[PDB]
Amino acid sequence: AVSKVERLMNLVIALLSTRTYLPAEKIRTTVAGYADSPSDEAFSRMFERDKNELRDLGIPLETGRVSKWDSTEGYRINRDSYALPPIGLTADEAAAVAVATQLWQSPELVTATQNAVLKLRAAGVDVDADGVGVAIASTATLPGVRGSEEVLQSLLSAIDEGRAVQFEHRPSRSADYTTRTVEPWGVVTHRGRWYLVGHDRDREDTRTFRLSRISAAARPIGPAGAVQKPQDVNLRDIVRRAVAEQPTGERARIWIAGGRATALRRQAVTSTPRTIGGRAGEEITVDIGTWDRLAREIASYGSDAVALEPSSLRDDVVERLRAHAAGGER
Amino acid sequence: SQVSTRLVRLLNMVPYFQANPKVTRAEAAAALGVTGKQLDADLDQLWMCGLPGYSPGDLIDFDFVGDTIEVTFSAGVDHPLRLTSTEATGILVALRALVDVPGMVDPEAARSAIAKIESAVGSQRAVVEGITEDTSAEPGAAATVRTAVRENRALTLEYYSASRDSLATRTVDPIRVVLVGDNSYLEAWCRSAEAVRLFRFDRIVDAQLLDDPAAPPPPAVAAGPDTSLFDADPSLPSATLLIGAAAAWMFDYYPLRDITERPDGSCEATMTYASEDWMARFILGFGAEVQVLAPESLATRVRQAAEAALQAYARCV
Amino acid sequence: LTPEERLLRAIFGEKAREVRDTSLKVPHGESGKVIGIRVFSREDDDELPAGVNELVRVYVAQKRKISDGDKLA
DNA sequence: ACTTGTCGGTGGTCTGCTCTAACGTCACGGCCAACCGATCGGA
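Per the PDB record, the structure was determined using cryo-EM to 4.0 Å resolution.

If you want it as structure tokens, here you go:
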């Protein structure tokens, strides 16, 4: 009566400590736990199941002939591939790992992170989180990390397996869901926001999809290894280009009263004091960027911010203010 | 499964015990995150398994000195098991997500960790990658905040209050750093108002270090990690506003409540506001896209502000 | 291995490796000064006989003076 | 929840057996090449 864990430990120790390939019969006779098999077929099935389980854990078993003068095949575990190279971690790196190990919430991601941290600590370095004294408050309200957790896990699994992804994506809640089937290339984060990068098989273009919009139905399809993304493609550059398209728009002169509009004050490039209509302030020449965003920013401050140029922006602000002052009828 | 994880832990225990010559029971339990009985059972199971042939000088042997653990024969177990693809990918993703968060971790340390892990596992450019090779956007305030947190020293912060649209300089003692959503907030005790407030890194222009190592009151009274006294309270007024179909920008960046769908756009929602002026600015920003319904006083104030802005624009040139 | 040998190896810690010592030693009643070593390896494109991987020859030189028992004629 | 004895399938490798339909038909190769004595079987 030998437990399965003890049997697997004996098997892996025997494979690691033996410098020559071992056939099945020698393992049956020598390693404990394999001597209670009622029949040879039962032993073969048990050994195949145990070998499959060990191979699933990432242990690089190698199969080859026992000798150049013999035909029977044997088993051996390479010590070089089984052993990770040594790494030296400083206090800052240990603190970084300790802070990063307390982010995920899904059981699978938590288990994987715990196993990785355990292996890293067993490598020789020490990781401590109590010294830093930094915790996480929000655990179920994050729309980027907590909300996009299962989707990110599915995308990472598909990328590892090299398979295409089929999912439903909508540009906005007002719009309708659209089924999209693309070939994933990688995951790039920008300002703490995930952006899936891949090539669409329905439009034949490189698009970036925000993971918050994508639902949890990230079904992976296609044979493994069928995705071969070009190496010269820089995902970060594509994400940066997709984040912003207009470099600086145009130059607009805006007058703002002093002591307020600090958010707009920080965005000012050049400043010039000027008093108009008995109110002091400074005239600033700033960029345009998103026209709607600038119009909203100007209209939010009301009389605090007065637009001067261009005339189109002033007309738009005046129209919006008149619509607001109409009384809500329209 | 559970058995696979137990096997991995039992196989990796030996290198961990070899790394620390005299690791005690408490340190091992904390490192492995298991109870005392479970650790004892795992140690017993690992004790009686080793080299084939099964000789007492061949299998794994320990040396118990009181309540200490030491390895005398590793039986070929010299290095820990390698890292699988899933766990390495998760660690890299977590590190690259936390490197961009200001103040939670030093970017240099995160980059060094990423480089060392990639070198150890042999990853290539086909993995998750960041956006900026070198940020260089930190004004040095985050480093000062981290130093103040570590050394428990007085810190001066010039925080911009968005609700009141003003710059306030306060002297606070850092307590802890927490992450809420995608915006990390610094928790500290301010003697100016005698209350706990959360400050965001992007709203701090600069930080000044002072040599006043004074223990904050909350550690001596109450040091709850959350302390969300005003994050969500019934006393906060709520504004009911009509949102158009075109103005879909606010549906994601703000917590809209009581959302009702109407093809004609006759159904509205309700959102809380910290200050009346902030809500007025938020309403005026969208223009005609957002229509005010309730309360009547807020609508009257918005109309008066719009009329004043129109008069100011007419007077100005 | 005999139980006594296993016990001795366990006590002294010398691991029992499946290796047999076949070191070349100077034969009985011979000595001198090494003057030349020639090493042949298959990987260096050498016409070695099949099944042979390494072959090293060591030359030992000795000066013999006249002594009792040597034959003169 | 995890695991195992029992059941059945693929493909590869090593090993052995049976078959092939113009007509074919009794081997070179030869050492030995000494010398004396004793014994059994044909002429």
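Caption draft 1: The UniProt feature "domain: PafC HTH" (unreviewed entry) in chain B, seen in detail. When the UniProt feature table is mapped onto this chain, "domain: PafC HTH" (unreviewed entry) is found at residues 5-118 of chain B. Helix and strand shares over residues 5-118 of chain B are 54% and 8% respectively, and the end C-alpha atoms of the span are 24 Å apart.

Caption draft 2: Representation of the sheet that holds strand β7 (residues 219-221) of chain A within the structure. Residues and elements named next belong to chain A. Spatially, β6-β5-β4-β3-β7 is the arrangement adopted by the five strands of the open sheet, whose pairing is antiparallel. The sheet is open, and its two edges are formed by β6 (206-210) and β7, each paired on a single side. Neighbour-to-neighbour, the strand axes of this sheet turn through a mean angle of 50°, independent of strand direction. With three bridges connecting them, strand β3 (residues 164-169) and β7 associate as antiparallel partners. Bridging across to β7, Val165 finds its partner in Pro220. Where helix α8 (residues 235-243) meets the sheet, its contacts fall on β4 (178-190), β5 (193-200) and β6, and the angle it forms with β4 comes to roughly 105°.

Caption draft 3: View of the interface of chain A and chain B. Each side of the interface is counted separately: chain A has 102 residues, and chain B has 93 residues. Together, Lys119(A), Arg236(A) and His324(A) form the three largest contributors to the area buried by chain A at its contact with chain B, with a combined 8%. Across the contact surface, chain A and chain B share seven salt bridges. Applying the counting criterion to the chain A and chain B interface returns 21 residue pairs in polar contact. Classifying every residue of the side of chain A that touches chain B gives 53 nonpolar, 26 polar and 23 charged.

Caption draft 4: Local environment of the environment of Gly144(A). Secondary-structure assignment places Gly144(A) in the loop between α6 (107-122) and α7 (150-161). A C-alpha to C-alpha distance of 16 Å links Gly144(A) and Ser172(A), two positions 28 residues apart in sequence. Setting aside chain neighbours within four positions, we find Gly144(A) in contact with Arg193(A), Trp194(A) and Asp182(B).

Caption draft 5: Just a nonpolar patch on the surface, in detail. Residues and elements named next belong to chain C. A contiguous nonpolar surface patch, about 550 Å² in accessible area, is contributed by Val34, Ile37, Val39, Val56, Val58 and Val60. Elements represented by at least two residues in the nonpolar patch include exactly β1 (33-41) and β2 (54-61). Considering the arrangement of structural elements, one finds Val56 in strand β2.

Caption draft 6: Structural context of the UniProt feature "domain: WCX" (unreviewed entry) in chain B. Within this numbering scheme, the UniProt entry marks residues 238-310 of chain B as carrying the feature "domain: WCX" (unreviewed entry). Note that residues 238-310 of chain B is 41% helix and 21% strand, and that its end C-alpha atoms are spaced 27 Å apart.

Caption draft 7: Structural context of the protein's contact with DNA strand D. Within the structure, DNA strand D sits among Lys4(A), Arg7(A), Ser39(A), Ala42(A), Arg45(A), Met46(A), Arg49(A), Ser1(B) and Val3(B). For DNA strand D, the backbone portion of the atoms within 4 Å of the protein, that is sugar and phosphate, comes to 80%. With respect to DNA strand D, the side chain of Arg7(A) contributes an N or O atom lying 2.9 Å from a phosphate oxygen. Residue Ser1(B) places a side-chain N or O atom 2.9 Å away from a sugar or linking oxygen belonging to DNA strand D. At the level of secondary structure, the elements contributing two or more residues to the surface near DNA strand D comprise α1 (4-17) and α3 (40-56) of chain A. The leading source of residues in the surface near DNA strand D is α3(A), at four residues.

Caption draft 8: Molecular detail of the sheet that holds strand β6 (residues 166-180) of chain B. All names here are of chain B. Pairing in this open sheet of five strands is antiparallel, and the strands run β8-β7-β6-β5-β9 from one edge to the other. Strands at the two margins of the open sheet, each flanked by one partner only, are β8 (195-200) and β9 (204-209). On average, adjacent strands in this sheet sit at an angle of 50° to one another, irrespective of strand direction. Each of β5 (155-161), β6, β7 (183-190) and β9 is contacted by helix α6 (residues 141-151), which is oriented at about 130° to β5, the strand it contacts most.

What counts as what
- Residues numbered from 1 in each chain as written, not as in the entry; some residues may be left out.
- Chains lettered and ligands numbered in written order.
- Part of a larger assembly, values for the part shown.
- Heavy atoms only, no water.
- UniProt positions renumbered as here; feature names shortened; annotations may be inferred.
- Helix = DSSP H or I, 4+ residues; strand = E, 2+ residues; numbered from the N terminus.
- Pairing = 2+ DSSP bridges.
- Axes fitted to C-alpha atoms, helices over the stretch in contact; angles between N-to-C directions.
- Contact = heavy atoms within 4.5 Å.
- Buried area = accessible area lost by both parts, 1.4 Å probe.
- Salt bridge = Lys/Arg side-chain N within 4 Å of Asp/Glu carboxyl O.
- Polar contact = N/O pair within 3.5 Å; in protein donor to acceptor, adjacent residues only side chain to side chain.
- Nonpolar A, V, L, I, M, F, W, Y, C, P; charged D, E, K, R; others polar.
- Patch = residues over 30% accessible without salt bridge, like charges linked within 9 Å, V, L, I, M, F, W, Y side chains within 5 Å.
- Areas by Shrake-Rupley, 256 points an atom, 1.4 Å probe, with all protein chains shown as cover.
- Near = heavy atom within 4 Å.

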